[PDB]
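Single-structure report; data block below.
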Amino acid sequence: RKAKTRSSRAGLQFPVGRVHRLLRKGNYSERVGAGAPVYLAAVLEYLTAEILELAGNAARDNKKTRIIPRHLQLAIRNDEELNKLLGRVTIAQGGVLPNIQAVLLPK
Amino acid sequence: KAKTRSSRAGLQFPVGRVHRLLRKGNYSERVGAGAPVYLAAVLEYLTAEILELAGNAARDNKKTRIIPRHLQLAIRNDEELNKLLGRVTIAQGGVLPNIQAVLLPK
Amino acid sequence: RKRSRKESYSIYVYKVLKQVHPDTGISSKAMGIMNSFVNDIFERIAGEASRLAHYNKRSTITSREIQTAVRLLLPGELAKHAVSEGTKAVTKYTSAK
Amino acid sequence: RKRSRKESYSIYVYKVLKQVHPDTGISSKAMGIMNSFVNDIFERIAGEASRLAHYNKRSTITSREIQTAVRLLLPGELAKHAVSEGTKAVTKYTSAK
Amino acid sequence: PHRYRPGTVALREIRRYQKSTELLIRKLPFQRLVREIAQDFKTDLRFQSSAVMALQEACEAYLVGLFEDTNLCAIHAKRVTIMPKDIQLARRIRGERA
Amino acid sequence: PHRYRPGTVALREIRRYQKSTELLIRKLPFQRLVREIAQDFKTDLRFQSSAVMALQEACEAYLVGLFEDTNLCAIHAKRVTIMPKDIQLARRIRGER
Amino acid sequence: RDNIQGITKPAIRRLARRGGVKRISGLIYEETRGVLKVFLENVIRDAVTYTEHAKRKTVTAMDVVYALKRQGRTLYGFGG
Amino acid sequence: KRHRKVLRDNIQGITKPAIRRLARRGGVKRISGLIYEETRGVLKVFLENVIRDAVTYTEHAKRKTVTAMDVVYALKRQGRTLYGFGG
DNA sequence: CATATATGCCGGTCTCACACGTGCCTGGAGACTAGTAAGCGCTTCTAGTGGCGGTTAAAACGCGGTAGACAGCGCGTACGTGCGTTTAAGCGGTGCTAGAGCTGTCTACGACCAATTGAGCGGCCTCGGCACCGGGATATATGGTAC
DNA sequence: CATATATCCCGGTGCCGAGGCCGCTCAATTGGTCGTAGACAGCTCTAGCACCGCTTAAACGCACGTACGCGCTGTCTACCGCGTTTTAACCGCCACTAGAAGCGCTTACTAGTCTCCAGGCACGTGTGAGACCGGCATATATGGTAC
Ligand SMILES: [Mn+2]
Ligand SMILES: [Mn+2]
Ligand SMILES: [Mn+2]
Ligand SMILES: [Mn+2]
Ligand SMILES: [Mn+2]
Ligand SMILES: [Mn+2]
Ligand SMILES: [Mn+2]
Ligand SMILES: [Mn+2]
Ligand SMILES: [Mn+2]
Ligand SMILES: [Mn+2]
Ligand SMILES: [Mn+2]
Ligand SMILES: [Mn+2]
Ligand SMILES: [Mn+2]
Ligand SMILES: [Mn+2]
Ligand SMILES: [Mn+2]
Ligand SMILES: [Mn+2]
Ligand SMILES: [Mn+2]
């Protein structure tokens, strides 16, 4: 017999089965196609990798091994497209970007 | 034999239709018997409130038929409706007459 | 010409207009606005009711979820009234079983 | 005893982390943020897909509804890449049946 | 000759347009703009007449709102005259601009 | 002995707090205020500590955000000092009223 | 020559007056043109995305209504 | 069968310094003396609005303990989505 | 004061959209069955509450003085008015047919089922990352002074 | 130029949270069943589009000049920086138990099905609300000029 996980067959790290269950148990439609949770799990995996890439770079610039919420904030707020996606979201313990208005600088 | 659950609850608003729309809208697996009556009643309440004030706006305007402007006038002059409909545009609604003081002549 | 059938709340908006203001009517555009309004509040309350049920691992949207929805959605006085009109109509509807 | 089974995307977030930054770790709070992020974008995409199906009188959310949802919700370059990554996973899954 | 002092007609026009609900953009220029902007996303498109009207209702409503907030930003700066920098601050605070 | 000119330490403080993520309101005051306010909504409520940390994270992020918009309103007025009327204008344009 | 210029200095005045503007700097009209274009761009983009999804070649009022909803500009009176 | 100490004037625990620090992280260099009371006003309205919704989720759950999740759903309701506390 | 003109109003005149009566047709509402969601008992035990005292960092206060807020001036021109001229929007029109969108036939697909099995979880243990500390290297802002 | 005071960046130290091993076990995988959603193609005919040529109204551009934006200046005091003194946060520990969270029983509730029956629809009307509007009446802005 088999059992190899739909994740394997789609070539994804994100769990297709779980995603299909959450769609079905989430009251979004009567029916959920077989491709839907594959496609979804792939988008969530792409966005994760994208932010983990920038955030790891922030951790390393910051001479640290470990991504902390500040590294996720630096990553998101310094990327134009992520910043817009998370425009109305608050990262606990993220702080803000260093930004002083020009007119407040001494002459 | 056979009468509306709208008349059993004393509502003008359709309890049967609302039950169907609830079931058909993928809000949940199942829908309680009370839910559509309660909801249809809340929709009737809010419809009466708007139409009451908008009706008044129609008289204050010497008109027998409510147009969109009457509804805009009615919603934006009521604190609580204005808040409920804070992010809604009423087509052909216009705005409330309102000039900033400093703009009026000396 | 084979008709083609599209529902609205217009009948019910007239029934209520006649209660609150028996000698006044309404333009079709104004009826469009009242139709947009009813569908909008429907979606808002149902939506909230939907989330209330999910957060509490419950399969059923009861009048209780509708009520809590109305408490989150409507401002103070509109909410108390709505809660009254809602509780009343459910009481009256069970008593006529 | 033996606390309740609380699901989490953490296992997957660590896997993608090790692919992209093999020597980089992540703190509890950072994992909390990644969990919220995946739950948030799930709901937003699921939500738009749901709406799309309903607007077109369809009973089924397919990869086509996900792909329109992704285009309405993601900014420019992010959507292009997400769509291409998603279409790839469907094609690969469709032929692995 | 006869001349109303500068500002007096401006006020009449405010009173006049705040009193009415008619669209203030000419329908055909607007419509050609809608069709143009849309070509740049999908070619060979027809529009329902009501779809152009919905878009014009939504745009005029948005611009009138924005002009209100702009007017406040001008007045905040001790002015009676809206400038681009008033529109910009309104848009920045609304979250439209970064 | 030695004395920084007005605005030099303010600049230093902006650089300090913009670098850090630590909550800037003291924890106990903030909790007492949460307990007070909630009690007036309902007596005999307990709080998960993490529900208080969530409320304090949300409140401080709201106020930092508002203070940025408030600052822009001062600078638009050719001022460098934030005043109540800068908060009011920011809050009005934001639609908080 | 372009269609955006179809949104005239006078039509922009009228809109400013409805929003209670007494005096209008000359730089405003191009500034409004650019803002209006971004607004129509964002809205029509989503409207057309809905049209493509229904496999239609006609933008419906409902596509514009759904698009306005998504963007936090809910419009009553067109089939909401 | 005991007592709860009664809570009074706790808005004043949002002191001048704490507000100044928040304004610093927001890039504010100079602060009018009237800003501190105005800020307390705005904070209180914010806490009230969010706690109102949180407690309503709590009452709905038939609980006497307000959870992080009640706070997180409330913040989500208000367009103030918060990551790091569940959901 | 008087004079100009914008705006409001009346009463009449018309027109077309509203709101009415008439099917008709579907989408519901009275049974009725049958299975599960959830209410409501009882137990477990987590984590929320309140209390105390050593320490000390944060808050508060008052002082002194500077730099920013604010008001008053005065200059220059960008605007608002109104006019005469040009342009194209709107309109009522008569086609002309893309395509919205409905019906009717037929797979392919997705739900449901209910045994089978490894993915993912809760524990549990444990070092290596990092928080915190103090030393010595700059970097800047401000003050003393020579020219 | 000189000097004072913040902040950097360095290892060094020690703590405890991330992250990896385990073994248990549900939720996901298989693979077979069956009902229907939706794909496809034909057909209809709604409504979107387009070329036309009047007829105004609205846009245009121009030229006049005023009230407003704007930069300068001078006044004064509110707000910053800092020293000293006060206060209550924090920490680390108690001790106590409310109520959150979980389980098992148990049954009204609800969905799923047929049948029927009338509620809500598209249609077709004809008629009164309101749009227009001519010309009249009222309200208000603007200036003249002589106190
Ligand atoms: Mn074509
Ligand atoms: Mn109290
Ligand atoms: Mn007189
Ligand atoms: Mn009349
Ligand atoms: Mn159960
Ligand atoms: Mn003292
Ligand atoms: Mn002064
Ligand atoms: Mn100048
Ligand atoms: Mn054809
Ligand atoms: Mn684990
Ligand atoms: Mn290890
Ligand atoms: Mn140190
Ligand atoms: Mn080091
Ligand atoms: Mn079908
Ligand atoms: Mn107990
Ligand atoms: Mn007239
Ligand atoms: Mn005068």
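If you're wondering about the labels, chains in the structure tokens are A, B, ... by order shown, residues count from 1 in each chain, ligands from 1 in order shown.
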
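Those residues that approach residue 97 (chain C) to within 12 Å, counting only C-alpha atoms (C1' of nucleotides), are residues 3, 4, 5, 7, 8, 9, 33 and 34 of chain B; 90, 91, 92 and 93 of chain C; same-chain residues fewer than 4 positions away are not listed.
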
Residues of chain H within 9 Å of chain I, counting only C-alpha atoms (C1' of nucleotides) - could you list those as a PDB file with N, CA and C atoms, in the first residue's frame?
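After the write, result_31.pdb holds the following:
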ATOM      1  N   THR H  15       1.812  57.810  33.792  1.00  0.00           N
ATOM      2  CA  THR H  15       2.571  59.015  34.213  1.00  0.00           C
ATOM      3  C   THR H  15       3.119  59.793  33.016  1.00  0.00           C
ATOM      4  N   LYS H  16       3.430  61.063  33.233  1.00  0.00           N
ATOM      5  CA  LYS H  16       4.132  61.962  32.276  1.00  0.00           C
ATOM      6  C   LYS H  16       5.318  61.252  31.592  1.00  0.00           C
ATOM      7  N   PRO H  17       6.352  60.738  32.319  1.00  0.00           N
ATOM      8  CA  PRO H  17       7.475  60.016  31.720  1.00  0.00           C
ATOM      9  C   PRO H  17       7.042  58.917  30.736  1.00  0.00           C
ATOM     10  N   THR H  65     -13.002  34.530  33.485  1.00  0.00           N
ATOM     11  CA  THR H  65     -11.567  34.843  33.288  1.00  0.00           C
ATOM     12  C   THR H  65     -11.423  35.349  31.858  1.00  0.00           C
TER      13      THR H  65
END

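Identified as lying at most 9 Å from ligand 12 when counting only C-alpha atoms (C1' of nucleotides) and all ligand atoms are the residues residues 132, 133, 134 and 135 of chain I.
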
Nearby residues, ligand 17, 10 Å, only C-alpha atoms (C1' of nucleotides) and all ligand atoms, as a ChimeraX atom specification
/J:141-144

Could you save those same residues with N, CA and C atoms (P, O5', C5', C4', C3', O3' and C1' of nucleotides) as a CSV table (one decimal), in the first residue's frame?
chain,number,residue,atom,x,y,z
J,141,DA,P,-25.1,88.4,2.5
J,141,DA,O5',-24.2,89.1,1.5
J,141,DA,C5',-24.0,88.4,0.2
J,141,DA,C4',-23.4,89.4,-0.8
J,141,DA,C3',-22.3,90.2,-0.4
J,141,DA,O3',-21.3,90.2,-1.5
J,141,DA,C1',-24.1,91.6,-1.0
J,142,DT,P,-19.9,91.0,-1.4
J,142,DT,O5',-20.3,92.4,-1.9
J,142,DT,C5',-20.9,92.6,-3.2
J,142,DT,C4',-21.0,94.1,-3.5
J,142,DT,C3',-19.9,94.9,-2.9
J,142,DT,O3',-19.0,95.6,-3.8
J,142,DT,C1',-22.0,95.8,-2.4
J,143,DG,P,-17.8,96.5,-3.2
J,143,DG,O5',-18.3,98.0,-3.6
J,143,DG,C5',-19.1,98.3,-4.8
J,143,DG,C4',-19.9,99.5,-4.7
J,143,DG,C3',-19.1,100.8,-4.2
J,143,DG,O3',-19.4,101.9,-5.0
J,143,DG,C1',-21.0,100.5,-2.9
J,144,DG,P,-18.6,103.2,-5.1
J,144,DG,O5',-19.7,104.3,-5.5
J,144,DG,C5',-21.1,104.1,-5.1
J,144,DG,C4',-21.7,105.4,-4.7
J,144,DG,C3',-20.8,106.6,-4.4
J,144,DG,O3',-21.5,107.8,-4.8
J,144,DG,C1',-22.0,105.9,-2.4

When you look at region 31-43 of chain E with a cut-off of 12 Å (counting only C-alpha atoms (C1' of nucleotides)), what residues show up, excluding the ones that are within fewer than 2 positions of it in the same chain? I need them as number ranges by chain.
E: 25-29, 45-56, 59; G: 2-7, 33, 36-53, 55-59, 64

May I have the residues from that selection written out with C-alpha atoms, as a compact mmCIF listing (two decimals), in the first residue's frame?
# COMPACT_ATOMS: atom_id res chain seq x y z
CA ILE E 25 -17.89 65.10 -13.10
CA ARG E 26 -19.22 65.00 -16.72
CA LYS E 27 -20.31 61.34 -17.39
CA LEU E 28 -18.52 60.73 -20.78
CA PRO E 29 -15.00 62.03 -19.82
CA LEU E 45 -14.11 44.69 -22.04
CA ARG E 46 -17.76 45.79 -22.05
CA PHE E 47 -19.24 47.65 -19.00
CA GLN E 48 -22.87 47.67 -17.72
CA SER E 49 -24.01 51.36 -17.69
CA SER E 50 -24.75 50.94 -13.95
CA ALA E 51 -21.10 49.77 -13.40
CA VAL E 52 -19.76 53.13 -14.70
CA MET E 53 -22.34 54.96 -12.52
CA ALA E 54 -21.34 52.91 -9.37
CA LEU E 55 -17.62 53.77 -10.06
CA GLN E 56 -18.46 57.51 -10.51
CA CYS E 59 -15.01 58.24 -6.77
CA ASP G 2 -5.20 62.25 -22.30
CA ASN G 3 -8.57 61.17 -20.72
CA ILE G 4 -7.47 62.07 -17.11
CA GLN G 5 -7.55 65.76 -18.35
CA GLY G 6 -11.27 65.04 -18.97
CA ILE G 7 -11.49 65.60 -15.16
CA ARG G 33 -5.99 63.76 -11.02
CA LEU G 36 -8.31 59.85 -8.54
CA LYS G 37 -6.29 57.66 -11.00
CA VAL G 38 -4.81 55.53 -8.14
CA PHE G 39 -8.37 55.23 -6.71
CA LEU G 40 -9.88 54.07 -10.05
CA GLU G 41 -6.84 51.84 -10.70
CA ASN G 42 -7.19 50.00 -7.33
CA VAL G 43 -11.02 49.63 -7.64
CA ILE G 44 -11.22 48.69 -11.41
CA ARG G 45 -8.29 46.20 -10.89
CA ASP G 46 -10.37 44.21 -8.33
CA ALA G 47 -13.64 44.75 -10.34
CA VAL G 48 -11.95 43.28 -13.47
CA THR G 49 -10.40 40.43 -11.38
CA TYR G 50 -14.00 39.51 -10.44
CA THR G 51 -15.10 39.78 -14.14
CA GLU G 52 -12.22 37.44 -15.24
CA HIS G 53 -13.22 34.96 -12.47
CA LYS G 55 -15.34 34.26 -17.26
CA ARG G 56 -17.16 37.41 -18.51
CA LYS G 57 -16.17 40.18 -20.97
CA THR G 58 -18.62 42.66 -19.32
CA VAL G 59 -17.81 44.43 -16.00
CA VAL G 64 -17.62 47.20 -8.88

Distance cut-off 9 Å, counting only C-alpha atoms - which residues of chain G neighbour chain C? Return them as a ChimeraX atom specification.
/G:75-80

Grab the residues selected above and save them as a PDB file, in the first residue's frame with C-alpha atoms.
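Below you can see out.pdb, which holds the result:
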ATOM      1  CA  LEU G  75     -21.407  51.549  -1.890  1.00  0.00           C
ATOM      2  CA  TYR G  76     -25.191  51.178  -1.272  1.00  0.00           C
ATOM      3  CA  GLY G  77     -27.657  51.348  -4.185  1.00  0.00           C
ATOM      4  CA  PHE G  78     -26.221  49.093  -6.957  1.00  0.00           C
ATOM      5  CA  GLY G  79     -27.027  45.524  -5.603  1.00  0.00           C
ATOM      6  CA  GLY G  80     -25.043  45.263  -2.355  1.00  0.00           C
TER       7      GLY G  80
END
